[PDB]
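Asks: Okay, handing you the structure first.
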Amino acid sequence: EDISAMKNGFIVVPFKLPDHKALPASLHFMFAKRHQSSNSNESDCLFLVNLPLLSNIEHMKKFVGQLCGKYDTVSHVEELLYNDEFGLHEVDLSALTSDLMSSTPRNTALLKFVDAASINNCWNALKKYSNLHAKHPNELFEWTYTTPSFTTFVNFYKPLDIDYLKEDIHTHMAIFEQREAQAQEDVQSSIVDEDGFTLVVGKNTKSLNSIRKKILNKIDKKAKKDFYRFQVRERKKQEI
Amino acid sequence: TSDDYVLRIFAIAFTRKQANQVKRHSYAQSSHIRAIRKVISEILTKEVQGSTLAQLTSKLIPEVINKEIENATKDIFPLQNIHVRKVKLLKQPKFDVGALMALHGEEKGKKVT
Amino acid sequence: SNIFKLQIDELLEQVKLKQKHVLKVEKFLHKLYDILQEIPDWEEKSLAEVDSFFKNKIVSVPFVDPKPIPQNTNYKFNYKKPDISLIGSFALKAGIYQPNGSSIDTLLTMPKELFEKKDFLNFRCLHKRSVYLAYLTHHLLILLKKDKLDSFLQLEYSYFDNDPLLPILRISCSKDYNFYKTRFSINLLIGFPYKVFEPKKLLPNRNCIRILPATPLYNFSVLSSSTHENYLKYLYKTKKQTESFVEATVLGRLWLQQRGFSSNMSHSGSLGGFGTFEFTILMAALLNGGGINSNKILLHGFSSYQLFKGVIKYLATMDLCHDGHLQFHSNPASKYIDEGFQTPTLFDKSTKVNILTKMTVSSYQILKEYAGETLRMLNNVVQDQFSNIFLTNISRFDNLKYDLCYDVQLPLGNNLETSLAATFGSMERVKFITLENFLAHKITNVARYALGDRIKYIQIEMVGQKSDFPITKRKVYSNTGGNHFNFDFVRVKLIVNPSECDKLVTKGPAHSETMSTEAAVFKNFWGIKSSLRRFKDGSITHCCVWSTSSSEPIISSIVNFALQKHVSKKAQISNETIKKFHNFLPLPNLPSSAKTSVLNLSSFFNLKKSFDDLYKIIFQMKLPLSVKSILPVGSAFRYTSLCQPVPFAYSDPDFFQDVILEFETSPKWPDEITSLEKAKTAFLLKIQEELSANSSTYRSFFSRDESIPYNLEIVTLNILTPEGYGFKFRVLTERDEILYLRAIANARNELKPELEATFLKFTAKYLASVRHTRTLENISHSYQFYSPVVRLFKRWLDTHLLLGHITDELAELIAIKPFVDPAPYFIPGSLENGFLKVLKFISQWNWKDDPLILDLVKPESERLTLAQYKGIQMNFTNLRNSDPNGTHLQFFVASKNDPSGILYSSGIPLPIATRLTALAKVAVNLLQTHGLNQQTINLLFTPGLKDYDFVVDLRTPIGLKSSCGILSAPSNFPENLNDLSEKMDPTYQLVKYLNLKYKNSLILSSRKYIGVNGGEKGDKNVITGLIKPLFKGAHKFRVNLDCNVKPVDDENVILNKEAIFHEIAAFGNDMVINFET
Amino acid sequence: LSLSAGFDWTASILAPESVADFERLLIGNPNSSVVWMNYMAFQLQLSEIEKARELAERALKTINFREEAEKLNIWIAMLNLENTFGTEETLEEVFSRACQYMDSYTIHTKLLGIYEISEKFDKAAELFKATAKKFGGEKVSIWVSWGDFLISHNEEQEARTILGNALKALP
Ligand SMILES: Nc1ncnc2c1ncn2[C@@H]1O[C@H](COP(=O)(O)OP(=O)(O)OP(=O)(O)O)[C@@H](O)[C@H]1O
Ligand SMILES: [Mg+2]
């Protein structure tokens, strides 16, 4: 409880847990660093570990909001990237099978902010927050564990809205077929290299990608033992 | 079949002329006939072995087997009037009353007095 | 065959007796012969005089009942020096080591001068034999005292082969002459000289007890006792002729012992009558002929295997009891005769002795069946059958060896009822020497006749029979017997015939103007229960009608009535063990449920009929692509669902039976997986709306399927047939398979194992699932008791919280092993026999080193051939080479359908695999120490729940036992289909997702079926977890810990249990009640 | 009472110095390259080269795919193995396989050190050329390490030549 930051640098972020009749001051500890990355989407992010169950963005919106009011900081979380709590999205099966429609750790996620002004405000708020447990454990906020995404997730046996499903089929198929038609046109359009070389494309070929993957995936019988005089002379040596 | 029912099937098919065909006739070269015959034999073997006798009959009534022969042979040569001409039941397993009753979906008598 | 030859050598040396022990005993009994020669002579005495002689002595004459009375004992008694000789297997040097202990047979031939020619009448010779033994024991005792040897010798009378008329003296050594370590016991058999009595007078048909009825048992006893040394010489010659004689004998001895066969008396009730001597003698006869044409069936040049196979074949194929018998000459070529004596008969013309007189008809049948089954195993080439033939004991449990077991407590059990005893009488006394023999037949004939065709084989066993009694007593003393009957109670063991075990009515003779003899006995036997009835075909026959019950079989009812009416009206018949097992099956909430038998699948067929109505509606529907075929795959289609389907019972897990829908091949299918998945969904929409319009009475809704990892777009149409069933449709496309293979190839190498895992589940649900149901539904019609046992087994797994990890297919394939590969046992014919068997196999299964491979075919094609067998074997050896401990894959189950073997058993954590073996072993050990009884069953089916690290109690808002169709109820689906969730159990979905979070840290288990194993209201279910050892202890922190932990130091964290409890708590919401850590 | 069984996580119901001890350790530590490497060293000390290779392949698949550092330990554990005890072809195969799975330049870097540690300077010189040809246009470290290798071996004029080539190739 005296601990505030781990020597690897991770700021500890205690939380107070709800009151459930089954479980009659237990805390949940979240570990954070500043995340540095040249990739633009990964820039201005806050790295998080040991997240609570089903921690969607709205859970972080309240928590940063709780921080903002307490420490009068202006901070907004844009998005929570790489929040794969079950690991369902580890492999993008759509990307593997074809390039059309898809051009593409554990127990952790990246917390994106609006600007560097907001994130460093939050980091300072977290630093003060880390100190609270050592002194005054009562004023640690409370993680709710209930949110609209939680309720939908809890209701496993829910028939799907037919109309919403119906609309989804239509738009995707229209999207796919535009891509399918364009790709087929590209392959069979007399591609020529800058050096006046014409690519060979078979009939029924659909995606120039498939041509690449075909490539990547991929005299002795006509020789005569006795035709030249040196061959027979070799035979005669072995004969005697 | 999978139920150990040895049976013999006969399939009959005919060549057809395309929509824009101008030649009077539509004979197929012997290479195509052998190619078609190889495909037809494969499908008949695949369906029957991957099925029971009861399941096989359930395929015959809608004549789904014929449509698959067409879809497989569509590339080689256009065909018409594809049908399963005949089926012979050469050999049968030991009789199993339990299976027969299940296929058809015991009774106390009446006192005689 | 060379593998088999070596295996015999390895087995032969293992059981070989150690020669040092032979010398130690050979030291003893050679000296003992001196003591026997020390014993003096004795004079003619009357029964009064000998009684006075023994009146004060410690020894008592073991007279055989009826004991000699002064009036009928006019003939006098006398003793003379014997002719000491050694006989038996030890004589032939064919003995083997036995941990329990072997017996040395020493024969003393009382001199012929002590006989009159007519001493074989009215137990005259037997009574003389008795005192001759007693006089020896008297003097042997004092001479034993003189030599200072009595300190470590324990002398007691016993019956030879449990033959009441032939008492003998047994010498055993308790812990220089001390042979206790040898594990031997010297038996003193007092035989008669050869040809004292005319053998023709002693044939089985003739009688030697005046009262005329024949006396086969008494005639054999004296005649055999006079012909001992001759058969030794007979065996000795054949041993000299054929070199492989002794090796053949030991194999038969091992073969006999595993089946619980012995030379002991069988008319008393115990299984036996065919021992090493009978097996040996049969070989000797067959080496001198055996055919109907008197041609040799065995040749002296045969090896040990060939000799054993020939004898095994001959017993299996030739009938020796009802139709035909075999005659041979010990001192003449053996010839098989067609005429039969209705009893096991192996006649010996040279001696006029029937060697199988100790063999009962019922026992002989079980012998014939065992021989034939082993011949089948012997002729098998694909699988090695050495261990099954020789290295497996089938007699350890009666329940596993016999389909049904009934114990019958006879009345007034310190003597039987006067009425019961009065039934014995004199005429049966001359036929059957003892009441135990007579009662054994009485139970057998009524039990055999009443059950008739419903059974295959019957055994009547006298529980608590003793065969060795102290020298101070004249006969054995049973505690409940009181010198009246040597048994505590009788047990009736059956081998039921599944095809007709459950008939409602027992057929009988057809009606006639004049009552036929068969009609007479049928009417008399069944009494009021008899009835004359007409049928739809128009026949008139005598028949008796019973009532089916879901708690017990018809056979229990028949025998209970059968025994009371004929044996004794006070008899008590109780088989509670079978009753408890039947009740453990879920009782369906259908009309007249309690009266339906457990063999009735009417509930399943009703589901199939409703499906066919939907099956018709779909084809006549028009779509862009004509439907290729619709293949039902759901559990209820193959008679495996734990609870029988009930109309409108939608709370049950197995309400919605999956069905595969396949359209005709088209080349337009999307090449991209999600496009392909959503292309499939479009077709289901078209199927849905047309079905809605034309047939409004079908109610349908859409659900998502996430069984397949990373394929998040699968949508399945759920159809609610008006009759009250559910169906889940899914679309299979031929492009689907090749797309997955494309994903594997293009995936990164580190990811390839994961992608192939996804492919494994796809082929598990779509491609494999079809071939399994097809083979399993067909086979089940041959094995009637498959659907009950596999259902009850799946009930067992859920109670111990295993079904969550064991896929239902794997449970089926293990549960069918005892049927398709029943060796060395028989095919199960009872719920209790089959279930314990599945527990037995799992107990002795070494899944780390042994693969399980099954031939899913009907009883004797599609049987695995040697090439295919070896190929599957090769897969296992290659696999364990990569996984020697078995941590990745534990159970290797394969067949024609799954040659790979890893399709149905992948992804189970090792803790769950070991538990399923650990639970099995403890169960069998529990059955071993404590007999099969009500208390034992309850322990089997009640979970420990204490070993798990933390236990969380959950309660559903509403009891689901009614909505699961389980009779301790809904009649229409809710108007809003959203209401279905209000009557469902989410726990199976709760645990599965939480397992995925804590896969690195915890292993959570829950009861899938809450209605069956959740108490009276079916609302109590329990989630139980396990902390893996790594995260149980403190760890240095790292970004890759991937667990919910709390710090202790600057670089140390520990598993935050209390947080995880709250994670579960919010996740269960109102359901969670209590937490136990 | 109940049918209760103690939980077995070692399949037992069915420092390290032996085969069983390492296998026992791996039951609870499938992700530990230190255990796998130590198990590998025991077989190597036991002259079980063929068996040690088998443990190399098992360690690759058994360890969780996300333990990139632990995977790296095996691959260097391999490259040392074929370099010391194998042949040129076997080392080349693993070298080719290693770059397929892991970052190629890092694998190229480690083999360069292995040759230096084993004093296979001639092969180290060749690998520096091949590595520089492939990654010279992007990595300055290869040129610096190659320059150090030449300067350490008292080849100053060669080091100047490589620096000139580094300037040409590098942006
Ligand atoms: N069924 C039988 N018919 C005729 N004689 C028999 C029969 N059974 C036993 N005997 C006689 O009894 C003697 C001893 O019988 P027993 O069955 O003990 O012999 P064994 O084969 O040596 O037995 P063990 O297994 O104890 O060594 C046999 O040598 C034979 O003389
Ligand atoms: Mg004996």
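The chains in the structure tokens are called A, B, ... from first to last as shown; in each chain the residues are counted from 1, and the ligands are counted from 1 in the order shown.
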Can you work out which residues are within 9 Å of ligand 1, considering only C-alpha atoms and all ligand atoms, and then hand them over as a count of residues only?
Replies: 49
Asks: For the strand (DSSP E or B) assignment from backbone DSSP, which residues of chain B qualify? Please present them as a ChimeraX atom specification.
Replies: /B:6-15,79-91,110-111
Asks: Take the residues from that selection and put them in a file with C-alpha atoms, as a short mmCIF file (atom, residue, chain, number, x, y, z; two decimals), in the first residue's frame.
Replies:
data_model
loop_
_atom_site.label_atom_id
_atom_site.label_comp_id
_atom_site.auth_asym_id
_atom_site.auth_seq_id
_atom_site.Cartn_x
_atom_site.Cartn_y
_atom_site.Cartn_z
CA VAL B 6 -23.65 -53.77 -52.01
CA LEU B 7 -25.49 -52.13 -54.91
CA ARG B 8 -24.86 -51.32 -58.57
CA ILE B 9 -25.85 -48.00 -60.17
CA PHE B 10 -26.30 -47.06 -63.83
CA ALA B 11 -26.07 -43.47 -65.08
CA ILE B 12 -27.05 -42.34 -68.58
CA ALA B 13 -26.28 -38.98 -70.18
CA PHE B 14 -26.54 -37.35 -73.60
CA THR B 15 -24.71 -34.58 -75.40
CA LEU B 79 -24.91 -32.67 -71.36
CA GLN B 80 -28.66 -33.28 -71.20
CA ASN B 81 -31.07 -35.89 -69.85
CA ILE B 82 -28.66 -37.03 -67.14
CA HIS B 83 -30.43 -39.65 -65.04
CA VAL B 84 -29.76 -42.55 -62.68
CA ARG B 85 -31.13 -45.21 -65.00
CA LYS B 86 -31.21 -48.18 -62.63
CA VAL B 87 -30.13 -49.44 -59.21
CA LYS B 88 -29.50 -53.11 -58.39
CA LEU B 89 -29.18 -54.52 -54.86
CA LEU B 90 -26.57 -57.24 -55.30
CA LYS B 91 -26.00 -58.23 -51.66
CA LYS B 110 -56.62 -59.46 -26.34
CA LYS B 111 -57.74 -62.07 -23.82
#
Asks: Can you tell me, as a PDB file with N, CA and C atoms, in the first residue's frame, what residues are no more than 6 Å from stretch 131-144 of chain D when counting only C-alpha atoms, ignoring any on the same chain fewer than 3 positions away?
Replies:
ATOM      1  N   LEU D 127      30.119 -13.565 -43.763  1.00  0.00           N
ATOM      2  CA  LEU D 127      28.766 -13.241 -43.321  1.00  0.00           C
ATOM      3  C   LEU D 127      28.576 -11.737 -43.176  1.00  0.00           C
ATOM      4  N   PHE D 128      29.634 -11.020 -42.792  1.00  0.00           N
ATOM      5  CA  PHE D 128      29.548  -9.566 -42.720  1.00  0.00           C
ATOM      6  C   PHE D 128      29.244  -8.975 -44.090  1.00  0.00           C
ATOM      7  N   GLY D 147      33.239  -2.814 -39.301  1.00  0.00           N
ATOM      8  CA  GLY D 147      34.442  -2.015 -39.146  1.00  0.00           C
ATOM      9  C   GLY D 147      35.230  -2.394 -37.908  1.00  0.00           C
ATOM     10  N   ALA D 169      26.132   3.135 -49.542  1.00  0.00           N
ATOM     11  CA  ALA D 169      24.894   2.385 -49.366  1.00  0.00           C
ATOM     12  C   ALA D 169      23.908   3.120 -48.467  1.00  0.00           C
ATOM     13  N   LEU D 170      24.397   3.757 -47.408  1.00  0.00           N
ATOM     14  CA  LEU D 170      23.501   4.343 -46.426  1.00  0.00           C
ATOM     15  C   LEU D 170      22.854   5.615 -46.975  1.00  0.00           C
TER      16      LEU D 170
END
Asks: Would you mind telling me which residue in B:71, B:49, B:57, B:31 lies nearest to chain C when using only C-alpha atoms?
Replies: B:71
Asks: Residues of chain A within 12 Å of chain D, using only C-alpha atoms, as a list in words?
Replies: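 Written out as asked, the residues are residues 90, 105 and 106 of chain A.
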Asks: Those residues with C-alpha atoms, as a JSON list (two decimals), in the first residue's frame please?
Replies:
[["chain", "number", "residue", "atom", "x", "y", "z"],
["A", 90, "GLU", "CA", -5.78, -12.08, -32.58],
["A", 105, "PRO", "CA", -0.06, -8.44, -25.95],
["A", 106, "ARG", "CA", -2.62, -10.15, -23.70]]
Asks: Output the contact residues of chain B with respect to chain C at a cut-off of 7 Å, based on only C-alpha atoms, as a list in words.
Replies: residues 4, 64, 68, 71, 98, 99, 105, 106, 108, 109, 110, 111 and 112 of chain B
Asks: Name all residues at most 7 Å from residue C:458 (count only C-alpha atoms; drop same-chain ones fewer than 3 positions away) and give them as a list in words.
Replies: residues 362, 493, 494 and 495 of chain C
